[PDB]
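Raw contents of model_8.txt, compact mmCIF, N, CA and C atoms:
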# COMPACT_ATOMS: atom_id res chain seq x y z
N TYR A 1 0.84 -1.22 0.00
CA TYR A 1 0.00 0.00 0.00
C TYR A 1 0.87 1.27 0.00
N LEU A 2 1.84 1.36 -0.93
CA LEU A 2 2.77 2.50 -1.00
C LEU A 2 2.62 3.22 -2.35
N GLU A 3 1.40 3.67 -2.65
CA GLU A 3 1.07 4.44 -3.86
C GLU A 3 1.76 5.81 -3.88
N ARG A 4 1.78 6.53 -2.75
CA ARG A 4 2.45 7.82 -2.63
C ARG A 4 3.96 7.68 -2.82
N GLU A 5 4.58 6.78 -2.04
CA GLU A 5 6.01 6.50 -2.15
C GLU A 5 6.39 6.06 -3.57
N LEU A 6 5.51 5.35 -4.29
CA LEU A 6 5.71 4.99 -5.69
C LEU A 6 6.09 6.20 -6.56
N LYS A 7 5.46 7.36 -6.34
CA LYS A 7 5.81 8.61 -7.03
C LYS A 7 7.24 9.04 -6.66
N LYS A 8 7.57 9.02 -5.36
CA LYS A 8 8.93 9.30 -4.86
C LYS A 8 9.97 8.27 -5.35
N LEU A 9 9.51 7.09 -5.77
CA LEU A 9 10.30 6.00 -6.32
C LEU A 9 10.56 6.21 -7.82
N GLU A 10 9.50 6.36 -8.63
CA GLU A 10 9.63 6.61 -10.08
C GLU A 10 10.50 7.85 -10.33
N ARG A 11 10.39 8.89 -9.47
CA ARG A 11 11.25 10.08 -9.51
C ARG A 11 12.73 9.78 -9.32
N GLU A 12 13.09 8.80 -8.48
CA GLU A 12 14.48 8.40 -8.29
C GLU A 12 14.93 7.43 -9.38
N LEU A 13 14.16 6.38 -9.68
CA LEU A 13 14.43 5.45 -10.79
C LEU A 13 14.61 6.20 -12.12
N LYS A 14 13.79 7.23 -12.39
CA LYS A 14 13.91 8.12 -13.55
C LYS A 14 15.32 8.72 -13.74
N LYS A 15 16.18 8.72 -12.71
CA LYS A 15 17.61 9.06 -12.84
C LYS A 15 18.26 8.40 -14.05
N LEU A 16 17.94 7.12 -14.30
CA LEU A 16 18.37 6.41 -15.50
C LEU A 16 17.28 6.53 -16.57
N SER A 17 17.73 6.69 -17.83
CA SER A 17 16.86 6.85 -19.00
C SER A 17 15.69 5.85 -19.00
N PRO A 18 14.44 6.33 -18.87
CA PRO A 18 13.27 5.45 -18.84
C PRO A 18 13.01 4.78 -20.20
N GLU A 19 13.71 5.20 -21.26
CA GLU A 19 13.68 4.57 -22.58
C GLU A 19 14.78 3.49 -22.73
N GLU A 20 15.92 3.62 -22.01
CA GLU A 20 17.03 2.66 -22.07
C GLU A 20 16.64 1.35 -21.37
N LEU A 21 15.97 1.46 -20.22
CA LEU A 21 15.47 0.30 -19.51
C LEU A 21 14.49 -0.49 -20.38
N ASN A 22 13.47 0.16 -20.97
CA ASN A 22 12.48 -0.49 -21.85
C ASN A 22 13.14 -1.25 -23.02
N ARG A 23 14.21 -0.69 -23.60
CA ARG A 23 15.04 -1.36 -24.61
C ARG A 23 15.58 -2.70 -24.08
N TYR A 24 16.27 -2.66 -22.94
CA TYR A 24 16.80 -3.84 -22.25
C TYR A 24 15.69 -4.75 -21.69
N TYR A 25 14.49 -4.21 -21.50
CA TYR A 25 13.31 -4.92 -21.02
C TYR A 25 12.72 -5.78 -22.12
N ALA A 26 12.53 -5.26 -23.33
CA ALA A 26 11.97 -6.04 -24.44
C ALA A 26 12.89 -7.22 -24.81
N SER A 27 14.21 -7.00 -24.84
CA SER A 27 15.22 -8.05 -25.04
C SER A 27 15.32 -9.05 -23.88
N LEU A 28 14.67 -8.78 -22.74
CA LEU A 28 14.51 -9.69 -21.62
C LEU A 28 13.12 -10.35 -21.60
N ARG A 29 12.05 -9.63 -21.94
CA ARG A 29 10.69 -10.16 -22.01
C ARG A 29 10.56 -11.20 -23.12
N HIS A 30 11.11 -10.90 -24.30
CA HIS A 30 11.08 -11.82 -25.44
C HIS A 30 11.82 -13.13 -25.14
N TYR A 31 12.85 -13.07 -24.28
CA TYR A 31 13.47 -14.24 -23.70
C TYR A 31 12.44 -15.02 -22.88
N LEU A 32 11.88 -14.44 -21.81
CA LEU A 32 10.99 -15.15 -20.88
C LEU A 32 9.81 -15.84 -21.57
N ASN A 33 9.37 -15.30 -22.71
CA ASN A 33 8.42 -15.87 -23.67
C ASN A 33 8.73 -17.33 -24.05
N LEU A 34 10.01 -17.71 -24.07
CA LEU A 34 10.49 -19.08 -24.30
C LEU A 34 11.64 -19.55 -23.39
N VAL A 35 12.07 -18.72 -22.43
CA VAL A 35 13.11 -19.01 -21.43
C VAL A 35 12.51 -19.48 -20.11
N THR A 36 11.23 -19.20 -19.88
CA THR A 36 10.51 -19.57 -18.65
C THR A 36 9.51 -20.69 -18.90
N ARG A 37 9.02 -20.84 -20.14
CA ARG A 37 8.10 -21.90 -20.61
C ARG A 37 8.61 -23.33 -20.37
N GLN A 38 9.89 -23.45 -20.05
CA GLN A 38 10.62 -24.69 -19.75
C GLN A 38 11.55 -24.57 -18.53
N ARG A 39 11.46 -23.46 -17.78
CA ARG A 39 12.32 -23.13 -16.63
C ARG A 39 11.62 -22.12 -15.70
N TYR A 40 10.50 -22.55 -15.11
CA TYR A 40 9.79 -21.80 -14.07
C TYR A 40 10.48 -21.88 -12.70

Could you write out this file's structure as C-alpha cells?
Amino acid sequence: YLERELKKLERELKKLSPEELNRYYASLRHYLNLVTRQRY
C-alpha cells in the first residue's frame, strides 16, 4: 500500500533513461516468452 512512495520511487528510478530500460526490457521479455516456458 505504497502508492504515494511509488511517485517518490519513479522520480528516483527516472535518474536512469526510462527509454534505455524499456530497450533492455523487451530483449529480456522476449526471452521469458520461451526461457521460462521450460524453466519456471

Atomic separation - atom N of residue 21 (chain A) relative to atom C of residue 8 (chain A), Å
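Computed distance, atom C of residue 8 (chain A) to atom N of residue 21 (chain A), equals 17.4 Å.
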
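For the pair atom C of residue 37 (chain A) and atom C of residue 19 (chain A), the interatomic distance is 27.6 Å.
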
How far is it from atom N of residue 25 (chain A) to CA of residue 40 (chain A), in Å with one decimal?
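For atom N of residue 25 (chain A) relative to CA of residue 40 (chain A), the distance reads 19.7 Å.
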
Per-residue DSSP, chain A, filtered to helix (DSSP H, G or I), as a list in words
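Reading the DSSP output for chain A, helix (DSSP H, G or I) covers residues 3, 4, 5, 6, 7, 8, 9, 10, 11, 12, 13, 18, 19, 20, 21, 22, 23, 24, 25, 26, 27, 28, 29, 30, 31, 32, 33, 34 and 35 of chain A.
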
Now that the selection is made, can you save its residues with N, CA and C atoms as a short mmCIF file (atom, residue, chain, number, x, y, z; two decimals), in the frame of the given file?
data_model
loop_
_atom_site.label_atom_id
_atom_site.label_comp_id
_atom_site.auth_asym_id
_atom_site.auth_seq_id
_atom_site.Cartn_x
_atom_site.Cartn_y
_atom_site.Cartn_z
N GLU A 3 1.40 3.67 -2.65
CA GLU A 3 1.07 4.44 -3.86
C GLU A 3 1.76 5.81 -3.88
N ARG A 4 1.78 6.53 -2.75
CA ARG A 4 2.45 7.82 -2.63
C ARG A 4 3.96 7.68 -2.82
N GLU A 5 4.58 6.78 -2.04
CA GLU A 5 6.01 6.50 -2.15
C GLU A 5 6.39 6.06 -3.57
N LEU A 6 5.51 5.35 -4.29
CA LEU A 6 5.71 4.99 -5.69
C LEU A 6 6.09 6.20 -6.56
N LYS A 7 5.46 7.36 -6.34
CA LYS A 7 5.81 8.61 -7.03
C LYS A 7 7.24 9.04 -6.66
N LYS A 8 7.57 9.02 -5.36
CA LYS A 8 8.93 9.30 -4.86
C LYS A 8 9.97 8.27 -5.35
N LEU A 9 9.51 7.09 -5.77
CA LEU A 9 10.30 6.00 -6.32
C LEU A 9 10.56 6.21 -7.82
N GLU A 10 9.50 6.36 -8.63
CA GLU A 10 9.63 6.61 -10.08
C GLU A 10 10.50 7.85 -10.33
N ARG A 11 10.39 8.89 -9.47
CA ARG A 11 11.25 10.08 -9.51
C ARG A 11 12.73 9.78 -9.32
N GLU A 12 13.09 8.80 -8.48
CA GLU A 12 14.48 8.40 -8.29
C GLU A 12 14.93 7.43 -9.38
N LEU A 13 14.16 6.38 -9.68
CA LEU A 13 14.43 5.45 -10.79
C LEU A 13 14.61 6.20 -12.12
N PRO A 18 14.44 6.33 -18.87
CA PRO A 18 13.27 5.45 -18.84
C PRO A 18 13.01 4.78 -20.20
N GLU A 19 13.71 5.20 -21.26
CA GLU A 19 13.68 4.57 -22.58
C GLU A 19 14.78 3.49 -22.73
N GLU A 20 15.92 3.62 -22.01
CA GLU A 20 17.03 2.66 -22.07
C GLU A 20 16.64 1.35 -21.37
N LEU A 21 15.97 1.46 -20.22
CA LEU A 21 15.47 0.30 -19.51
C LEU A 21 14.49 -0.49 -20.38
N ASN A 22 13.47 0.16 -20.97
CA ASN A 22 12.48 -0.49 -21.85
C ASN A 22 13.14 -1.25 -23.02
N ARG A 23 14.21 -0.69 -23.60
CA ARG A 23 15.04 -1.36 -24.61
C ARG A 23 15.58 -2.70 -24.08
N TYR A 24 16.27 -2.66 -22.94
CA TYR A 24 16.80 -3.84 -22.25
C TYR A 24 15.69 -4.75 -21.69
N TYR A 25 14.49 -4.21 -21.50
CA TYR A 25 13.31 -4.92 -21.02
C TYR A 25 12.72 -5.78 -22.12
N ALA A 26 12.53 -5.26 -23.33
CA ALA A 26 11.97 -6.04 -24.44
C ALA A 26 12.89 -7.22 -24.81
N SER A 27 14.21 -7.00 -24.84
CA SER A 27 15.22 -8.05 -25.04
C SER A 27 15.32 -9.05 -23.88
N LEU A 28 14.67 -8.78 -22.74
CA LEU A 28 14.51 -9.69 -21.62
C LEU A 28 13.12 -10.35 -21.60
N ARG A 29 12.05 -9.63 -21.94
CA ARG A 29 10.69 -10.16 -22.01
C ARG A 29 10.56 -11.20 -23.12
N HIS A 30 11.11 -10.90 -24.30
CA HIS A 30 11.08 -11.82 -25.44
C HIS A 30 11.82 -13.13 -25.14
N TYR A 31 12.85 -13.07 -24.28
CA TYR A 31 13.47 -14.24 -23.70
C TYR A 31 12.44 -15.02 -22.88
N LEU A 32 11.88 -14.44 -21.81
CA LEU A 32 10.99 -15.15 -20.88
C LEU A 32 9.81 -15.84 -21.57
N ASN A 33 9.37 -15.30 -22.71
CA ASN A 33 8.42 -15.87 -23.67
C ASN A 33 8.73 -17.33 -24.05
N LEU A 34 10.01 -17.71 -24.07
CA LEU A 34 10.49 -19.08 -24.30
C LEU A 34 11.64 -19.55 -23.39
N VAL A 35 12.07 -18.72 -22.43
CA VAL A 35 13.11 -19.01 -21.43
C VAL A 35 12.51 -19.48 -20.11
#
